[PDB]
Each structure stands twice: as C-alpha cells, then as structure tokens.
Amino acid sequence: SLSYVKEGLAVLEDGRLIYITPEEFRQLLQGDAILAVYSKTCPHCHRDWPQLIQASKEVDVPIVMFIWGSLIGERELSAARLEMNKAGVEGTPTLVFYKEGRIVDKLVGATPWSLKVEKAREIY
C-alpha cells in the first residue's frame, strides 16, 4: 500500500523504489525523465499507485518520484517544490514529462497504466 511507502525522493525502476538525494533528483531532471508528484495522504495517488508501478515496467525512461509524507526532508521538499512550481502542478497525482531537461507535458490524475505508456511513447 502507498501508505507503507517511505516518503522522499526516489526513482521507480522496473517496479522497485531506489531512494535518491536532492542532487541526483535534479541531475535526472536535466535529461529525459518522468516526474511523478505523489502524496501518501492522497486517495487518488493510492488508486494510481499500482498503475504507476506497472508503467515503470513498460518504459525505459526513468520515472522519478516525489512522494510527500510527514517525515520528508527540508531539501528533498524544496527540490520537488521547485519543479512542482515550474510545471504548474495543481494536485496529485501528476506526471510531469521532461525531455532533454525541459518540461513538455503533464498527465493529471489517476489513470490506467496504458495511458501512461502511450504518453511516454508519444514523447520519447
């Protein structure tokens, strides 16, 4: 359950979380990557979670995660907060698409993983 996921910054790789630093988070966002803006207290993120996990097993581009929860670190938070601003994020979940480090699309709300995979193919 998303409720038992440790909050922080991570990369979701073939369905597995690898926790990262704010530095690596920023680094990954200069290239091709999908940023997932998530929250553990969000019922929509709970619905979407299984779908997002599956998507990570169908695409090659890194899915970078921000997962909000109470014990998130100050710097982890600011790093994510910056990108959430620049992308114009207004709720969760939201996927933000980075190409060569530029924000070029968003997918808002819970969706089946098929729809996430289509958007990735369209863009990468």
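The first residue of the sequence shown is number 1, and the count goes up from there.
Taking only CA atoms, the mean B-factor in the PDB entry is higher for 99-107 than for the other of 6-14 and 99-107. Legend: mean Cα B-factor per stretch from the PDB entry, 68-76 versus 49-57; the higher mean is in 68-76. Sort the chain's modelled residues by C-alpha temperature factor and residue 88 lands in the highest third, per the entry.
When the CA B factors of the chain's modelled residues are split into thirds, the value for residue 94 lands in the middle one.
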